[PDB]
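A single chain comes next, written as structure tokens; it is the form deposited in one PDB entry.
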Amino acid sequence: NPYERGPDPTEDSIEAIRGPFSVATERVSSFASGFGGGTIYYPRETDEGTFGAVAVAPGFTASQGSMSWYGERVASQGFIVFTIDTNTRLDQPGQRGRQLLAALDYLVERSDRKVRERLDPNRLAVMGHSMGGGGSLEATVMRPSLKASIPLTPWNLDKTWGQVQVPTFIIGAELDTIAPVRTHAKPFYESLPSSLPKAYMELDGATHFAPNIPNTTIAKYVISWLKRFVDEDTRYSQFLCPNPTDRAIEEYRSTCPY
């Protein structure tokens, strides 16, 4: 597998705050067409080859600051990470899905050459918090060629996602009162096809804002999910299959094995 990057993982390496790659950033102006700009995090070393990318959307009334900590933590594992702002803070999930796609198109078509020369434009993923998690879902129905989708405590009025054909990893917060897992996260998960590579992880005790705070349980499995499906890196299957059972996890569902 020529998409493999970094040394073989271990239980400890997927929990590391700082991965094997050193990280740099490129700021993207608010004036970009199709989304509210953002920050591109990328691996600095080029000697292992190019990397896939993930665009990351904030939630309703939130800004890219709520999603900042994913930038270095994930990019240092060998990914290009793009934490974006939305056109307005009040944009709905659908718009966020569109804007996630414009952010990835920007990476591919117009980003600085330091980014573009490190990029594999065919290996792309979406991730989002809350309404941005809804956006992550929306994005995959808009662009089925995406490699992965990670909706974080997602929020969406549309509860059926039977048409999704992108490997989807949904993360819920047990006590989430803004996007209750019973009417968002779990209906979304159980609606994805049983034949789709997919997963639900519910964080014990967590509230809606758990994804905005550095969380080793979130990070380790977000990284595994992106490695396994953006890189097709089966070295990371061990952490995804069978169901992880960390003390921090209230519940986990999956269609293992992939």
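If you superpose the two forms and keep the largest set of C-alpha atoms that fall within 1.5 Å, you have the rigid core. Only residues modelled in both forms are compared. Numbers for residues come from their place in the sequence shown, where the first is 1.
Omitted here: the form deposited in another entry. The next part is about that form.
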#### Entry: Listed options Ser29, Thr46, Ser195, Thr61; Cα moving by 2 angstroms or more between this form and the one not shown (core superposition)
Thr61
### Query
So, does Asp176 move by 2 Å or more at the CA between this form and the one not shown, with the core held fixed?
no
### Message
Does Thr140 move appreciably between this form and the one not shown, meaning a CA displacement of 2 Å or more on the superposed rigid core?
### Response
no
#### Entry: Core fit, then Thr88 C-alpha moves 2 Å or more between this form and the one not shown
yes
### Query
Where do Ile17 and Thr86 end up in that other deposited form, Cα atoms closer or farther than shown, with a change of 3 Å or more?
closer
#### Entry: Pair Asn87/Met67, Cα separation in that other deposited form versus the displayed form, closer or farther by 3 angstroms or more
closer
#### Entry: Regions of at least 3 residues displaced between this form and the one not shown by 2 angstroms or more (CA, core superposed)
30-35, 60-65, 85-88
